[PDB]
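I have placed the structure first, in the form of structure tokens, so that the comments after it can refer back to it.
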Amino acid sequence: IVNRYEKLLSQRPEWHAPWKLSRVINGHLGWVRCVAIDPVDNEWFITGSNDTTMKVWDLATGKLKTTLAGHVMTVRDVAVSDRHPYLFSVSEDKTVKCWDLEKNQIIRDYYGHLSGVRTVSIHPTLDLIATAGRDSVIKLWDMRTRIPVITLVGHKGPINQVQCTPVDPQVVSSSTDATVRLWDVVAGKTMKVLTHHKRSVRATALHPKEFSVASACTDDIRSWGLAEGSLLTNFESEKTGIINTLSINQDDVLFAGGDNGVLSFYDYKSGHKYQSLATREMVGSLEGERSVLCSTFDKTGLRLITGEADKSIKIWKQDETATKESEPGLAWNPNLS
Amino acid sequence: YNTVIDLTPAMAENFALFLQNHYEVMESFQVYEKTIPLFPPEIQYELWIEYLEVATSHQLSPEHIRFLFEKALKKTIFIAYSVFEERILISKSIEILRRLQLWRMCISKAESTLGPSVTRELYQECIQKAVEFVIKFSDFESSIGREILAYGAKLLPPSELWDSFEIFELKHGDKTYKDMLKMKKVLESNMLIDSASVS
Amino acid sequence: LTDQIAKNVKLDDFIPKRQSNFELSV
Amino acid sequence: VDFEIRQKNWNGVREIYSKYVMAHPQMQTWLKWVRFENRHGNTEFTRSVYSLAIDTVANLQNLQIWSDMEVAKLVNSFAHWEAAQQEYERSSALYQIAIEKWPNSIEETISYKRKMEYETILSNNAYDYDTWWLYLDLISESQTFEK
């Protein structure tokens with residue numbers, strides 16, 4: 001096995017650049033529980049929240065365009081279509097509500113979950129929403145007729161996070177019973193399980209190119225290849241967890257938000273963790289309220305958006321000075337996992 | 001004889017005594033080196049006490065014997081060693097003693113040998129039957145003399161009729177007030193209360 | 001029988017495939 | 001292995017220890033390996049696989065996994081046991097590669113003591129200065145300019 005360890009002292013990864021804090025946007029009155037940004041014009045967030053509003057911010061200036069209210073209890077999640085001009089948001093009152101942007105109103109209510117709904121995603125080529133939450137099944141909503149065509153039965157626990165992809169394995173989901181399934185829809189059943197993680201699997205993301213999926217866990221953040229449901233890599237992470245979120249990028253940066261209030265960026269290829277940051281919590285807050293509840297990257301790949309339990313959004317910028325000058329991070333001493 | 005070593009401390013000391021009778025001296029000390037690598041901190045002490053008393057008796061160079069106590073150290077050893085240091089650096093020895101009541105009593109004695117001032121200082125280390133000793137040092141401390149007198153109060157209150165005679169003597173010494181004195185007897189009475197309250 | 005006994009689990013499924021080479025292509 | 005000891009299989013137990021140390025490059029893996037042999041006796045086994053230990057340790061040593069104190073205990077233990085094997089030129093030869101690779105008739109009485117005094121490792125400032133008091137007294141009593 002030592003072979004394996006000799007190899008890891010060669011390749012010596014991919015210099016990436018630091019990050020820092022460009023901007024802080026207050027204005028929500030609760031925690032900020034999801035962010036989702038235009039797949040087209042990059043002018044605007046849309047930001048979930050725990051006061052049940054959803055405010056639409058402006059990317060460049062940081063001003064507030066509008067408020068879409070219209071939920072009773074907290075909104076967990078949002079998604080914005082590419083093809084359609086729609087916006088599905090979903091909350092914990094058990095309801096998955098389409099929106100229509102052109103008029104800024106609600107349109108279709110999809111319906112039938114037994115209990116609160118923690119995640120939506122919007123399949124790319126088919127016109128289908130997919131959703132799931134504490135019921136432990138993943139429903140696949142047809143969009144115009146509102147029928148839940150198919151229900152993916154499955155795990156043994158709340159479902160934290162659902163992702164869609166164009167070829168097979170079409171739908172991928174992770175769940176507090178510590179798996180991650182890879183679903184084959186028409187068949188209607190699981191095509192593969194990846195069991196490794198040790199406790200709940202709390203986040204995921206899809207490499208926007210490489211066709212694989214980062215799956216966090218509590219304290220150890222693996223990747224996985226699709227098609228085979230390989231293993232691929234294992235990011236060097238001591239216990240910094242609890243990992244709330246992942247975000248991949250176009251340059252193969254990886255983000256990961258902690259609840260201890262630490263941003264942890266990685267290279268994707270490697271596992272090398274090349275930067276950490278204490279997120280200055282806030283004015284009058286409570287040390288527990290430093291944490292990070294969501295992340296995403298704009299469409300350019302150069303700007304970071306996160307919400308935080310202290311009722312605010314922060315936007316992080318990729319500092320250009322860098323190169324090597326005195327750039328380097330933690331300097332690559334791969335260890336025995 | 002060494003053929004035995006390939007395959008019994010009494011035997012060892014005996015053999016070293018042979019070479020001592022032949023007065024090979026340094027060779028003999030070597031034997032004690034070869035014994036102690038064997039028997040570990042138990043039997044090795046049984047070798048080591050005689051080995052120290054003897055080797056110190058021989059050369060009587062600082063660094064070599066200093067090192068020898070260093071090897072040695074891993075209670076009486078501290079005393080031999082300290083006895084060495086005082087008459088061949090002194091403060092260094094005081095640091096060593098600094099490094100159980102009888103041991104506390106000694107250090108204080110050697111510090112007094114370096115002069116008076118340290119000894120009052122020593123007691124403060126001493127506090128952490130011992131109160132009788134801290135009282136024994138404090139007695140001539142403030143008694144020959146404010147932090148020390150207040151310390152005398154703190155110690156007298158630390159845990160006693162003779163001590164009452166002491167505080168009464170300190171009050172009587174002034175040509176320092178009946179009020180503070182009655183307050184003192186009141187506090188000691190409170191100590192009688194906390195003592196009687198104990199099961 | 002060595003294969004019959006533990007048959008399912010096998011070590012090649014613990015072992016990450018980009019540890020050897022980065023750049024393995026997907 | 002605690003099984004195979006309850007068989008004979010003194011062949012196969014080595015096969016185990018092979019798999020074990022090769023899949024666990026750790027000190028007391030090797031030390032268990034050898035303490036085994038020293039229990040079951042074969043000296044040409046023992047020495048030889050001591051060699052197989054030290055050539056990999058030093059060989060891939062650059063690869064950084066083995067900490068200083070590990071290497072040390074291998075040195076002191078295996079060399080010390082070479083002194084137990086009555087090859088002293090070989091003992092201090094091994095030792096010699098170590099310190100090399102790494103940062104009337106009582107004349108040899110002084111040379112053996114002075115070499116062992118300098119041979120005592122000294123990490124730090126006061127530790128090396130304490131050793132300077134030892135070897136200087138040894139030099140004093142017994143390249144006078146280079147010392």
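Derivation of every value follows stated rules applied to the coordinates shown; laboratory data play no part. Here Cβ is always computed from backbone atoms with ideal geometry, including for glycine, and neighbour counts include all displayed protein chains.
Percent of Cα-Cα pairs more than 21 Å apart in chain D, please.
Working: 5939 of 10731 pairs.
Tail fraction, whole percent: 55.
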Exercise. Which of the trypsin sites (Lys or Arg not before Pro) across the stretch A:185-227 are loop residues per DSSP, with 16 or fewer other Cβ within 10 Å?
Worked result: A:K198, A:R199, A:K209
For this session: Run the quick spin-label model on B:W103 and B:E86: label points 7 Å from Cα toward the beta carbon, then report their separation in nm to one decimal.
Result: 1.8 nm
For this session: Would you mind getting me the FRET efficiency between B:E24 and D:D130? Use the beta-carbon distance for r and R0 = 22 Å, nearest 0.05.
Result: 0.20
Exercise. How long is the stretch D:84-147 along each principal axis, judged by its Cα atoms, biggest number first, in Å?
Worked result: 37, 32, 22
For this session: Report the Stokes-Einstein translational diffusion coefficient (µm² s⁻¹, integer) for chain A, Rh taken as the Kirkwood radius over Cα pairs, at 25 °C with viscosity 0.890 mPa s.
Result: 120 µm²/s
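Of all chymotrypsin sites (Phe, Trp or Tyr not before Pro) in the stretch B:15-53, which ones are in loop regions per DSSP and have a Cβ with at most 14 other Cβ atoms within 10 Å? Each step should come with its number before you reach the end.
On the way: sites: B:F15, B:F18, B:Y23, B:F29, B:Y32, B:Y45, B:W48, B:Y51; in loops: B:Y23.
Hits after loop and neighbour filter: B:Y23.
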Problem set entry | Filtered chymotrypsin sites (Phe, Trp or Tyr not before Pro), the stretch A:66-162: DSSP coil and at most 14 other beta carbons within 10 Å | A:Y111
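With the Cα gyration tensor of the protein assembly as shown in hand, convert its eigenvalues to equivalent ellipsoid semi-axes via √(5λ) and list them largest first in whole Å.
70, 45, 24
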Problem set entry | Residue with peak Gaussian network fluctuation, chain A [Cα springs, cutoff 10 Å], from A:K311, A:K239, A:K97 | A:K239
For this session: Find the centroid of the Cα atoms in the stretch A:72-125 and in the stretch B:1-65, then give the distance between the two in whole Å.
Result: 89 Å
Exercise. Whose amide H sits under 5 Å from the amide H of A:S22, counting only residues 5 or more places off or on another chain, with H placed in the peptide plane?
Worked result: A:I315, A:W316, A:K317
For this session: For peptide C:10-23, compute the average count of partner chain beta-carbon atoms within 10 Å of each residue's beta-carbon.
Result: 6
For this session: Please work out the FRET efficiency for the pair D:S140 and D:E119, using the Cβ-Cβ distance as r and a Förster radius of 22 Å; give the result to the nearest 0.05.
Result: 0.75
Exercise. Across the stretch A:171-177, in residue order, what do the Karplus-derived ³J(HN,Hα) couplings come to in whole Hz, using 6.51 cos²θ - 1.76 cosθ + 1.60 with θ = phi - 60° and x for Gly and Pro?
Worked result: 8, 9, 8, 9, 7, 4, 9
Exercise. If you take the alpha carbon radius of gyration of the stretch B:79-198 and divide it by 2.2 N^0.38 Å, what ratio comes out, to two decimals?
Worked result: 1.27
Seminar exercise, completed: chain A: relative contact order from alpha carbon pairs under 8 Å, six or more residues apart, as a whole percent, is 15 percent
For this session: Report the FRET efficiency, 1/(1 + (r/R0)^6), for A:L9 and B:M191, where r is their Cβ-Cβ distance and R0 is 60 Å, rounded to 0.05.
Result: 0.30
Problem set entry | Inter-centroid distance (Cα atoms) of chain C relative to the stretch D:8-62, Å | 28 Å
Seminar exercise, completed: Once phi for every residue in the stretch D:51-58 is put through the Karplus expression 6.51 cos²θ - 1.76 cosθ + 1.60 (θ = phi - 60°), the whole-Hz ³J(HN,Hα) values, with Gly and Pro written as x, are 5, 4, 5, 6, 6, 7, 3, 5
Exercise. For A:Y86, which sequence-distant residues (separation of 5 or more, or a different chain) have an amide H within less than 5 Å of its own amide H, given hydrogens modelled in the peptide plane?
Worked result: A:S81
Exercise. Expressed as cubic angstrom per residue, what is the convex hull volume of the alpha carbon set of the stretch B:10-151?
Worked result: 126 Å³
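Where does the charge balance sit around A:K189 when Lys and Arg score +1, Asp and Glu -1, over other residues with C-beta under 14 Å from its C-beta? Numbers along the way, then the final one.
Details: positive: A:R181, A:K192; negative: A:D168, A:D184.
It works out to a net charge of 0.
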